[PDB]
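Single-structure report; data block below.
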Protein chains: 10
Amino acid sequence: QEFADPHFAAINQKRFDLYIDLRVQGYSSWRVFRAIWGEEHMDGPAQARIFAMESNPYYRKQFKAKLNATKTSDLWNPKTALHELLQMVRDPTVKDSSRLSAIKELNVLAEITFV
Amino acid sequence: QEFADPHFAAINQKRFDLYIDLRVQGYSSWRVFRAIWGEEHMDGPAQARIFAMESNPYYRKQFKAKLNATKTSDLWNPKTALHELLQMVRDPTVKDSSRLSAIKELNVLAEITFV
Amino acid sequence: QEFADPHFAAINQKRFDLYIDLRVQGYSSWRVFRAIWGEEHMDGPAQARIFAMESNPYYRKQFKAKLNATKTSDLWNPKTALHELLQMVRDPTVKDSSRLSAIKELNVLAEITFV
Amino acid sequence: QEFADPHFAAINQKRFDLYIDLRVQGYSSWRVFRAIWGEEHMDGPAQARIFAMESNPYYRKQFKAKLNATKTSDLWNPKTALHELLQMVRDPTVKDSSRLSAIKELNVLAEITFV
Amino acid sequence: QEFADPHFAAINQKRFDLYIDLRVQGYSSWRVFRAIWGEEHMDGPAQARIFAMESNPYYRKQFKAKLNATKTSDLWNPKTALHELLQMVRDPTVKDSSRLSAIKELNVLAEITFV
Amino acid sequence: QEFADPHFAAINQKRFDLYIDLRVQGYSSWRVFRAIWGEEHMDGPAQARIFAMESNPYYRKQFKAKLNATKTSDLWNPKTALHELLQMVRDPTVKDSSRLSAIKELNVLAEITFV
Amino acid sequence: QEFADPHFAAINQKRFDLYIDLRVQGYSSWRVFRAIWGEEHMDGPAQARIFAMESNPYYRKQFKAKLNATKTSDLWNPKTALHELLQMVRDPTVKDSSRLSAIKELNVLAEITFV
Amino acid sequence: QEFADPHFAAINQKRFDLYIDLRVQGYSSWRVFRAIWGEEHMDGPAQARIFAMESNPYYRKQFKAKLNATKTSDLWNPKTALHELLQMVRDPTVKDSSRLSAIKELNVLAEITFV
Amino acid sequence: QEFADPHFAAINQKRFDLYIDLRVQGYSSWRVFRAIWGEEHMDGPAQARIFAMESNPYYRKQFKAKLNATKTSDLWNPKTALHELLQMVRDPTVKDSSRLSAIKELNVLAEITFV
Amino acid sequence: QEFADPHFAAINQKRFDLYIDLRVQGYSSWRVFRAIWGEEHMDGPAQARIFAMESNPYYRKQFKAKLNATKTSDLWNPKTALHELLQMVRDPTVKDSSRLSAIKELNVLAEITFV
């Protein structure tokens with residue numbers, strides 16, 4: 001499918017489930033297309049194909065169902081927040097004001113004001 | 001219709017419904033034109049054709065009706081807000097101050113201050 | 001009328017009503033000229049012709065009448081505000097701080113602080 | 001009058017009234033000169049001629065009289081404020097922070113916090 | 001007088017009164033020189049001649065007298081403030097944040113919060 | 001494995017444990033790939049291979065388990081916060097506002113206001 | 001005196017009084033040198049000669065005496081503040097945020113909040 | 001060792017202690033490598049070798065032990081804070097806002113508000 | 001003395017007193033060197049010679065003595081503050097936000113809020 | 001010593017005391033090297049030699065001793081703060097916002113609000 005076709009589902013259905021799950025977990029678009037649909041990027045307009053598959057009625061319904069079926073503890077739980085802030089702290093590409101603010105917020109969260 | 005004609009409706013009516021629904025859901029203009037009306041972009045002035053079809057009395061009336069007929073729980077419900085903030089968190093193109101602020105707001109929302 | 005003439009009304013009167021209505025609804029100038037008066041842009045100074053037709057006594061009086069005759073619920077009602085903020089959220093051209101602030105305000109409005 | 005002459009009034013008096021009225025309504029200078037005095041711009045220094053006619057004793061006195069004679073409801077009344085903010089909202093050239101702030105203020109004004 | 005001479009007064013005295021009055025009303029320097037003393041600009045250093053005539057004892061004394069003799073209602077009265085803010089609002093060269101702030105302050109002044 | 005293959009685990013399993021541990025400790029991606037998988041960077045798209053191995057079901061499950069199994073005292077304890085702020089203070093590449101803020105926060109934490 | 005000589009006073013004494021008075025009134029240096037000492041600028045280093053004459057013991061003592069002898073009503077009295085803010089308002093070179101702030105402060109001062 | 005080898009310890013053990021101590025005192029990485037391991041920089045990727053030696057299990061364990069064994073008075077004691085702020089004050093490369101803020105904080109700390 | 005020699009005092013002692021006094025009054029370095037030691041700048045590194053003479057034990061002791069011997073009314077007394085703010089107001093090179101803030105502070109100081 | 005050698009002390013010991021004293025007083029590094037060790041800069045990497053001599057155990061111990069032996073009145077006493085702020089005020093290279101803030105803080109300190 002190198003064209004821009006919304007309705008071609010029920011033939012490639014297992015691939016659409018991987019895309020829906022990876023998207024509902026929260027990772028961005030664009031790349032997930034590279035992951036699941038290979039290097040079909042730059043076929044025509046890549047954004048066109050991406051948002052064309054982003055508009056399937058099958059997509060929309062299954063995405064809404066899976067999104068509403070996930071409890072709000074597999075998306076944001078305290079330990080993941082600590083890990084994300086720590087990732088931002090230890091990355092030497094985040095500029096320095098952002099690292100300072102991340103240290104501030106890790107300080108505020110875990111009552112670590114010298115105690 | 002490669003011209004800029006407001007009133008040519010009642011001949012292409014199913015296409016106007018897809019456009020109205022996709023727009024009322026909230027996605028931007030410009031691209032939705034690429035989606036539903038193919039690659040007729042850059043025919044003349046693309047913005048001219050877009051806002052010419054954006055000014056149909058048929059458009060305006062049906063858009064207002066469908067917009068007022070949608071309950072305020074298919075546009076913004078808490079779980080969609082969590083998913084959008086998480087999308088902004090896990091995207092490595094959002095600069096770093098925005099990611100920090102998104103983490104802050106996800107922190108504030110779900111009472112996740114170490115509890 | 002490729003010149004800059006204020007008083008030439010009562011001959012083209014139906015076109016002036018479309019312009020007045022589209023302007024009173026709130027959309028910007030410049031383009032509405034492209035819409036209703038074709039591609040007569042860049043005839044001389046486009047801004048000159050635009051603000052020359054923007055200064056007709058007939059214009060001013062009818063614009064004031066139609067503007068004062070519109071109830072303040074066809075301009076800003078809550079559901080339109082929700083739709084505009086959602087448009088700004090789902091547009092991937094709005095930079096990232098603006099998207100974060102739009103999410104914040106949609107959060108504040110519809111009491112959606114985890115409830 | 002392609003020179004820079006303050007006192008040449010009482011010969012061109014109807015043109016000076018249109019200029020005074022358009023200026024007292026609040027629109028900017030520079031262009032109003034293009035409107036009422038044709039394309040005599042760039043004759044010498046355009047700003048020189050503009051502020052030379054801006055310094056006539058006849059001008060000053062009539063401008064002060066007409067400015068003090070206008071009630072403060074033909075300049076700023078609530079419905080005009082709503083229309084101006086809406087113009088700023090629907091213009092796709094206003095950057096995105098300004099549009100967000102305009103939405104905020106339209107929100108604050110018309111008690112539209114979900115009610 | 002194409003030189004830089006402070007004391008040459010009592011010969012050109014009517015011109016010095018126009019300059020003093022235009023300056024005491026509040027308009028900037030530089031141009032007022034163009035207005036009253038023609039196009040003698042760029043003779044030598046224009047700023048040199050301007051601030052040389054700005055330092056006459058005759059100037060200083062008459063300027064102080066006329067400045068202290070003007071009541072504080074020909075400089076700033078409410079209606080002039082409304083007109084200046086409206087000028088800043090309707091000028092399409094003022095950037096967009098300044099226009100928003102001007103609308104805010106016009107809102108604050110004339111108790112126009114939906115009332 | 002110079003391709004982009006998610007499921008090739010159970011053959012290289014000890015390498016996946018080092019990656020999981022180094023990532024769960026908080027250091028960034030990209031480099032950890034250089035560390036554990038040599039200089040296989042720029043094989044194709046490096047980000048593609050990185051986030052392809054970042055999407056293994058085996059990865060996800062083991063990463064979640066190890067992340068939830070680590071007590072919140074091997075990630076952020078007070079002495080590590082002091083050391084990180086001190087690192088930011090003594091690094092002559094952090095610009096000067098960030099160093100000032102780091103000194104401020106080290107001041108605030110350890111009650112060192114002249115006492 | 002095209003050199004840089006501090007002590008050459010008591011020969012040119014009337015010129016030093018004009019300089020002291022113009023400086024004590026508050027106008028900047030550099031130009032006052034152009035005014036009183038002609039176009040001797042760029043002789044060597046202009047700043048060198050300026051601050052060399054700025055360091056005379058005769059200068060310092062007379063400057064201190066004249067500065068302490070001036071009452072604090074020939075430097076800042078309310079009407080001069082109004083005139084300076086008005087100058088900043090009516091100058092079309094002051095950018096637009098500064099003009100807005102000047103209007104704000106003129107508003108705050110003269111109790112002109114619609115009264 | 002011009003390669004990138006984690007486990008080569010117990011042969012060069014005294015050098016690893018100097019590195020651990022200098023790092024635990026708080027000075028940055030990169031240079032400490034230049035200090036203790038000579039000019040082996042730019043062998044391959046310098047950051048690669050640096051963070052490869054930064055990931056030794058021997059390193060990690062000894063670094064954690066020495067870091068937890070240092071009392072919080074050899075890292076930040078009041079007199080060191082005064083010295084660091086004074087260093088930032090007397091350095092003519094710190095820009096001017098940072099110097100002003102450093103003076104402010106030195107003012108706040110040592111109760112030096114004219115007393 | 002075109003070299004960089006700290007101890008050469010007791011031969012040139014009157015020059016060192018002028019430097020100490022001019023520095024203790026508060027004017028910057030660099031230029032004072034031009035003033036008292038002629039045009040010996042750019043001999044080698046000018047900053048090197050300047051801070052070499054800035055490090056004499058004789059210098060340090062006499063500078064400390066003279067600095068501690070000056071009462072805190074020859075450095076900052078109210079009338080000097082008024083004069084400095086007025087200098088900043090009347091200088092047309094200070095940008096416009098700084099001039100506005102200077103007017104604000106002169107307003108705040110001398111109780112000149114319309115009284 | 002044109003190499004990078006930490007331990008070569010007890011031969012050049014008087015030079016190390018001057019360096020320690022000048023550093024403990026608070027002046028920056030880099031230049032102090034130029035002062036005490038001549039023009040040996042750019043021998044290899046200047047920063048390398050500087051921080052190599054900055055890491056001597058003899059250095060560290062004597063620096064700590066001398067730093068802890070200095071009373072907190074030879075580093076920051078009120079009169080030095082007044083002198084530093086005055087230096088920043090009278091330097092015409094400090095930009096204008098910094099000068100304004102320095103005037104503000106000198107105002108705040110010495111109770112000089114018109115009294």
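Each chain in the structure tokens gets a letter, A, B and so on, in the order shown; residues start at 1 in every chain, and ligands are counted from 1 in the order they appear.
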
So which residues of segment 3-78 of chain J fall under helix (DSSP H, G or I) by DSSP, listed as a PyMOL selection string?
chain J and resi 14-25+31-36+46-53+57-68+78

Long-range neighbours of residue 98 of chain C as a PyMOL selection string, 8 Å cut-off, only C-alpha atoms, 4 positions minimum in chain:
(chain C and resi 94+102) or (chain D and resi 96-97+100)

Would you write out those residues with N, CA and C atoms, as a PDB file, in the first residue's frame?
```
ATOM      1  N   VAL C  94       1.900  24.719  15.951  1.00  0.00           N
ATOM      2  CA  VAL C  94       1.527  25.772  16.886  1.00  0.00           C
ATOM      3  C   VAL C  94       2.648  25.970  17.901  1.00  0.00           C
ATOM      4  N   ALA C 102      -2.678  25.604  25.903  1.00  0.00           N
ATOM      5  CA  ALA C 102      -4.033  25.257  25.494  1.00  0.00           C
ATOM      6  C   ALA C 102      -4.552  24.063  26.282  1.00  0.00           C
TER       7      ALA C 102
ATOM      8  N   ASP D  96       0.781  32.413  17.800  1.00  0.00           N
ATOM      9  CA  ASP D  96      -0.093  31.510  18.534  1.00  0.00           C
ATOM     10  C   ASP D  96      -0.284  31.904  19.994  1.00  0.00           C
ATOM     11  N   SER D  97       0.718  32.503  20.631  1.00  0.00           N
ATOM     12  CA  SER D  97       0.558  33.024  21.982  1.00  0.00           C
ATOM     13  C   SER D  97      -0.481  34.133  22.062  1.00  0.00           C
ATOM     14  N   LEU D 100      -3.887  32.516  21.868  1.00  0.00           N
ATOM     15  CA  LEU D 100      -4.224  31.920  23.156  1.00  0.00           C
ATOM     16  C   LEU D 100      -4.664  32.979  24.157  1.00  0.00           C
TER      17      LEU D 100
END
```

Taking only C-alpha atoms into account, produce a table as a tab-separated table in which each residue of segment 1-114 of chain A with an atom at most 12 Å from an atom of segment 35-39 of chain B appears once, together with its shortest atom pair and the distance in Å to one decimal, ordered by chain and rising number.
```
residue	atom	partner	partner_atom	distance
A:3	CA	B:38	CA	11.2
A:4	CA	B:35	CA	8.4
A:5	CA	B:35	CA	9.5
A:6	CA	B:35	CA	9.3
A:44	CA	B:39	CA	10.5
A:45	CA	B:39	CA	10.0
A:47	CA	B:35	CA	10.5
A:48	CA	B:35	CA	7.1
A:49	CA	B:35	CA	8.9
A:50	CA	B:35	CA	10.6
A:51	CA	B:35	CA	8.1
A:52	CA	B:35	CA	6.5
A:53	CA	B:35	CA	10.2
A:54	CA	B:35	CA	10.7
A:55	CA	B:35	CA	9.1
A:56	CA	B:35	CA	11.4
```

For the residues in the current selection, export N, CA, C and O atoms as a compact mmCIF listing (two decimals), in the first residue's frame.
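The file below, part_8.txt, is the result:
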```
# COMPACT_ATOMS: atom_id res chain seq x y z
N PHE A 3 -0.06 3.82 -1.79
CA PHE A 3 -1.01 4.89 -2.06
C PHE A 3 -1.47 5.53 -0.76
O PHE A 3 -0.92 5.23 0.31
N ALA A 4 -2.47 6.41 -0.83
CA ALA A 4 -3.09 6.95 0.37
C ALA A 4 -4.53 6.47 0.45
O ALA A 4 -5.45 7.16 0.02
N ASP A 5 -4.73 5.27 1.01
CA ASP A 5 -6.03 4.63 1.02
C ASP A 5 -6.50 4.42 2.45
O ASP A 5 -5.84 3.69 3.21
N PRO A 6 -7.60 5.05 2.87
CA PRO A 6 -8.12 4.79 4.21
C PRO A 6 -8.60 3.36 4.41
O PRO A 6 -8.08 2.64 5.26
N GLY A 44 5.13 9.30 -1.06
CA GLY A 44 4.66 10.57 -1.56
C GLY A 44 4.89 11.62 -0.50
O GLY A 44 6.03 11.90 -0.11
N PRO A 45 3.82 12.22 0.00
CA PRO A 45 3.93 12.97 1.25
C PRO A 45 3.76 12.03 2.44
O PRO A 45 2.69 11.43 2.61
N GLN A 47 3.53 12.66 5.67
CA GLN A 47 2.48 13.12 6.57
C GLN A 47 1.11 12.80 6.01
O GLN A 47 0.17 12.50 6.77
N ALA A 48 0.96 12.86 4.69
CA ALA A 48 -0.32 12.54 4.07
C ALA A 48 -0.71 11.09 4.34
O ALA A 48 -1.83 10.82 4.79
N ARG A 49 0.19 10.15 4.09
CA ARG A 49 -0.12 8.75 4.35
C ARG A 49 -0.36 8.52 5.84
O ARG A 49 -1.27 7.77 6.22
N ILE A 50 0.44 9.16 6.69
CA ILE A 50 0.32 8.95 8.13
C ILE A 50 -1.05 9.39 8.62
O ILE A 50 -1.76 8.63 9.28
N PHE A 51 -1.47 10.62 8.29
CA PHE A 51 -2.76 11.07 8.78
C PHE A 51 -3.91 10.49 7.97
O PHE A 51 -5.07 10.61 8.38
N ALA A 52 -3.62 9.86 6.83
CA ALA A 52 -4.67 9.13 6.13
C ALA A 52 -4.99 7.83 6.86
O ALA A 52 -6.15 7.46 7.01
N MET A 53 -3.95 7.14 7.33
CA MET A 53 -4.19 5.95 8.14
C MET A 53 -4.65 6.33 9.54
O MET A 53 -5.25 5.51 10.24
N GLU A 54 -4.40 7.57 9.96
CA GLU A 54 -4.86 8.09 11.24
C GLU A 54 -6.35 8.43 11.23
O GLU A 54 -6.88 8.85 12.27
N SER A 55 -7.03 8.28 10.09
CA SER A 55 -8.42 8.69 9.97
C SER A 55 -9.36 7.54 9.63
O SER A 55 -10.50 7.78 9.22
N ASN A 56 -8.92 6.30 9.79
CA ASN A 56 -9.78 5.17 9.49
C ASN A 56 -10.88 5.06 10.54
O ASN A 56 -10.61 5.19 11.74
```

Show me, as a PyMOL selection string, the residues that have an atom within 12 Å of segment 60-66 of chain H when counting only C-alpha atoms, minus same-chain residues fewer than 3 positions from it.
(chain F and resi 22+25+74-75+77+79-80+83) or (chain H and resi 6+13+16-26+51-57+69-71)

Store the residues of this selection in a file with N, CA, C and O atoms, as a short mmCIF file (atom, residue, chain, number, x, y, z; two decimals), in the first residue's frame.
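Below is the file that was written, again-v9.cif:
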```cif
data_model
loop_
_atom_site.label_atom_id
_atom_site.label_comp_id
_atom_site.auth_asym_id
_atom_site.auth_seq_id
_atom_site.Cartn_x
_atom_site.Cartn_y
_atom_site.Cartn_z
N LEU F 22 21.32 -0.46 32.71
CA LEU F 22 21.86 0.88 32.49
C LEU F 22 20.75 1.88 32.19
O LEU F 22 20.82 3.04 32.60
N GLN F 25 18.71 2.59 35.45
CA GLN F 25 19.41 3.49 36.36
C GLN F 25 19.19 4.94 35.98
O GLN F 25 19.28 5.82 36.84
N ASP F 74 17.83 4.27 45.58
CA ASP F 74 18.96 4.09 44.68
C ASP F 74 18.85 5.00 43.47
O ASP F 74 19.73 4.96 42.60
N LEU F 75 17.80 5.81 43.38
CA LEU F 75 17.63 6.77 42.29
C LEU F 75 17.90 8.19 42.78
O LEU F 75 18.74 8.88 42.21
N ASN F 77 18.63 10.07 46.46
CA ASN F 77 18.85 10.23 47.88
C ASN F 77 19.59 11.54 48.09
O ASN F 77 20.29 12.00 47.17
N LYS F 79 22.20 12.88 49.27
CA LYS F 79 23.61 13.07 49.01
C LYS F 79 23.90 13.10 47.51
O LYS F 79 24.75 13.87 47.06
N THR F 80 23.16 12.31 46.72
CA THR F 80 23.27 12.40 45.27
C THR F 80 22.80 13.75 44.75
O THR F 80 23.38 14.28 43.80
N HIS F 83 25.55 16.14 45.36
CA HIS F 83 26.64 15.93 44.41
C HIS F 83 26.29 16.45 43.02
O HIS F 83 27.16 17.00 42.34
N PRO H 6 35.48 -1.87 29.33
CA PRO H 6 35.07 -1.67 30.72
C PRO H 6 35.95 -2.40 31.72
O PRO H 6 36.58 -1.77 32.57
N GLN H 13 44.86 0.36 39.23
CA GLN H 13 43.93 0.54 40.34
C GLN H 13 44.17 1.86 41.07
O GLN H 13 43.23 2.48 41.55
N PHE H 16 42.49 4.64 39.04
CA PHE H 16 41.05 4.68 39.26
C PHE H 16 40.67 5.31 40.59
O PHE H 16 39.55 5.83 40.70
N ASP H 17 41.55 5.29 41.59
CA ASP H 17 41.21 5.93 42.85
C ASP H 17 41.31 7.44 42.76
O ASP H 17 40.48 8.16 43.32
N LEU H 18 42.32 7.95 42.04
CA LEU H 18 42.42 9.39 41.84
C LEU H 18 41.22 9.92 41.08
O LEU H 18 40.66 10.97 41.42
N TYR H 19 40.80 9.20 40.03
CA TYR H 19 39.62 9.59 39.27
C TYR H 19 38.38 9.60 40.14
O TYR H 19 37.58 10.54 40.11
N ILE H 20 38.20 8.55 40.95
CA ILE H 20 37.01 8.47 41.80
C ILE H 20 37.00 9.61 42.80
O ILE H 20 35.96 10.24 43.04
N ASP H 21 38.15 9.91 43.41
CA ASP H 21 38.19 10.98 44.40
C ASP H 21 37.94 12.34 43.77
O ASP H 21 37.16 13.15 44.29
N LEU H 22 38.59 12.62 42.63
CA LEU H 22 38.38 13.91 41.97
C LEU H 22 36.94 14.07 41.51
O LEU H 22 36.39 15.17 41.54
N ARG H 23 36.31 12.98 41.07
CA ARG H 23 34.93 13.07 40.64
C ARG H 23 33.99 13.24 41.83
O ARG H 23 33.03 14.02 41.76
N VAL H 24 34.25 12.53 42.93
CA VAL H 24 33.36 12.61 44.08
C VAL H 24 33.47 13.98 44.74
O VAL H 24 32.53 14.44 45.40
N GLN H 25 34.62 14.64 44.60
CA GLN H 25 34.71 16.00 45.12
C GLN H 25 33.81 16.95 44.34
O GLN H 25 33.39 17.97 44.89
N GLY H 26 33.49 16.62 43.10
CA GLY H 26 32.49 17.34 42.34
C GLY H 26 32.95 17.92 41.02
O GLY H 26 32.10 18.40 40.26
N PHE H 51 32.44 7.55 29.02
CA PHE H 51 31.29 6.91 29.64
C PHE H 51 31.42 5.39 29.65
O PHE H 51 30.64 4.71 30.32
N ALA H 52 32.40 4.84 28.93
CA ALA H 52 32.67 3.42 29.06
C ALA H 52 33.39 3.14 30.37
O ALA H 52 33.07 2.17 31.07
N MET H 53 34.35 3.99 30.73
CA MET H 53 34.98 3.85 32.03
C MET H 53 34.06 4.32 33.15
O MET H 53 34.25 3.94 34.31
N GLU H 54 33.05 5.12 32.81
CA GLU H 54 32.04 5.57 33.77
C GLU H 54 31.02 4.48 34.11
O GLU H 54 30.13 4.71 34.93
N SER H 55 31.12 3.30 33.48
CA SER H 55 30.13 2.25 33.66
C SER H 55 30.71 0.97 34.25
O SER H 55 30.06 -0.07 34.19
N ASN H 56 31.91 1.02 34.82
CA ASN H 56 32.50 -0.17 35.40
C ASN H 56 31.76 -0.55 36.68
O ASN H 56 31.46 0.33 37.50
N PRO H 57 31.44 -1.83 36.88
CA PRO H 57 30.90 -2.24 38.19
C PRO H 57 31.83 -1.89 39.33
O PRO H 57 31.36 -1.42 40.38
N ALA H 69 30.37 7.97 51.93
CA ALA H 69 31.26 8.08 53.08
C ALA H 69 31.73 9.50 53.37
O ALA H 69 32.40 9.70 54.39
N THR H 70 31.40 10.47 52.53
CA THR H 70 31.86 11.84 52.72
C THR H 70 30.79 12.65 53.45
O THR H 70 29.64 12.72 53.00
N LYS H 71 31.18 13.26 54.57
CA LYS H 71 30.24 14.07 55.34
C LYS H 71 29.85 15.31 54.54
O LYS H 71 30.62 15.83 53.74
#
```

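Going from atom CA of residue 103 of chain F to atom CA of residue 89 of chain F covers 6.9 Å.
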
As a ChimeraX atom specification, please: the residues near residue 112 of chain G (cut-off 10 Å, only C-alpha atoms, same-chain neighbours under 6 positions excluded).
/E:76-79,81,109 /G:106

Same residues, N, CA and C atoms, output as an mmCIF file, in the first residue's frame:
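To be explicit, this is the file written out as result.cif:
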```
data_model
loop_
_atom_site.group_PDB
_atom_site.id
_atom_site.type_symbol
_atom_site.label_atom_id
_atom_site.label_comp_id
_atom_site.auth_asym_id
_atom_site.auth_seq_id
_atom_site.Cartn_x
_atom_site.Cartn_y
_atom_site.Cartn_z
ATOM 1 N N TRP E 76 -2.940 65.616 29.158
ATOM 2 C CA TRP E 76 -3.559 64.306 29.323
ATOM 3 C C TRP E 76 -4.922 64.472 29.980
ATOM 4 N N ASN E 77 -5.979 64.296 29.193
ATOM 5 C CA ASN E 77 -7.349 64.210 29.662
ATOM 6 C C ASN E 77 -7.926 62.888 29.178
ATOM 7 N N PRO E 78 -8.942 62.332 29.869
ATOM 8 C CA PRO E 78 -9.313 60.927 29.641
ATOM 9 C C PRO E 78 -9.582 60.596 28.185
ATOM 10 N N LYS E 79 -10.225 61.529 27.493
ATOM 11 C CA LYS E 79 -10.652 61.274 26.129
ATOM 12 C C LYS E 79 -9.458 61.142 25.192
ATOM 13 N N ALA E 81 -6.578 59.882 26.179
ATOM 14 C CA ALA E 81 -6.044 58.555 26.468
ATOM 15 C C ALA E 81 -6.824 57.482 25.719
ATOM 16 N N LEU E 109 -10.202 50.211 31.760
ATOM 17 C CA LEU E 109 -10.589 51.598 32.005
ATOM 18 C C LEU E 109 -12.098 51.786 32.031
ATOM 19 N N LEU G 106 1.090 57.214 32.717
ATOM 20 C CA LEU G 106 0.339 58.464 32.684
ATOM 21 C C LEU G 106 -1.079 58.250 33.191
#
```

Report the distance between atom CA of residue 1 of chain C and atom CA of residue 41 of chain C in Å, rounded to one decimal place.
11.6 Å

Interatomic distance (Å, one decimal) between atom CA of residue 28 of chain E and atom CA of residue 92 of chain I
11.9 Å

Would you mind listing, for every residue of chain C within 6 Å of chain B, the two atoms forming the shortest contact and the distance between them in Å to one decimal, using only C-alpha atoms, sorted by chain and ascending residue number, as a Markdown table?
```
| residue | atom | partner | partner_atom | distance |
| --- | --- | --- | --- | --- |
| C:86 | CA | B:26 | CA | 5.7 |
| C:87 | CA | B:26 | CA | 4.9 |
| C:90 | CA | B:27 | CA | 5.6 |
| C:91 | CA | B:28 | CA | 5.5 |
| C:112 | CA | B:78 | CA | 5.9 |
| C:113 | CA | B:109 | CA | 5.7 |
```

I need the chosen residues saved as a PDB file, in the first residue's frame, with N, CA, C and O atoms.
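Once written, again-v9.pdb looks like this:
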```pdb
ATOM      1  N   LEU C  86      -9.365  23.162  21.074  1.00  0.00           N
ATOM      2  CA  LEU C  86      -9.026  21.845  20.553  1.00  0.00           C
ATOM      3  C   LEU C  86      -8.328  21.932  19.200  1.00  0.00           C
ATOM      4  O   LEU C  86      -7.381  21.175  18.943  1.00  0.00           O
ATOM      5  N   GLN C  87      -8.776  22.843  18.330  1.00  0.00           N
ATOM      6  CA  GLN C  87      -8.073  23.085  17.074  1.00  0.00           C
ATOM      7  C   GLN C  87      -6.626  23.453  17.327  1.00  0.00           C
ATOM      8  O   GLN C  87      -5.722  22.967  16.638  1.00  0.00           O
ATOM      9  N   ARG C  90      -4.602  20.238  18.448  1.00  0.00           N
ATOM     10  CA  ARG C  90      -4.320  19.177  17.487  1.00  0.00           C
ATOM     11  C   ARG C  90      -3.605  19.664  16.233  1.00  0.00           C
ATOM     12  O   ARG C  90      -3.405  18.876  15.305  1.00  0.00           O
ATOM     13  N   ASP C  91      -3.224  20.927  16.177  1.00  0.00           N
ATOM     14  CA  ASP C  91      -2.479  21.427  15.036  1.00  0.00           C
ATOM     15  C   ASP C  91      -0.976  21.290  15.278  1.00  0.00           C
ATOM     16  O   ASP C  91      -0.435  21.887  16.212  1.00  0.00           O
ATOM     17  N   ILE C 112     -11.669  19.268  34.900  1.00  0.00           N
ATOM     18  CA  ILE C 112     -11.272  17.935  34.464  1.00  0.00           C
ATOM     19  C   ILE C 112     -10.022  17.531  35.238  1.00  0.00           C
ATOM     20  O   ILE C 112      -9.244  16.673  34.806  1.00  0.00           O
ATOM     21  N   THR C 113      -9.832  18.139  36.408  1.00  0.00           N
ATOM     22  CA  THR C 113      -8.707  17.805  37.277  1.00  0.00           C
ATOM     23  C   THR C 113      -8.934  16.436  37.928  1.00  0.00           C
ATOM     24  O   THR C 113      -9.254  16.312  39.111  1.00  0.00           O
TER      25      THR C 113
END
```
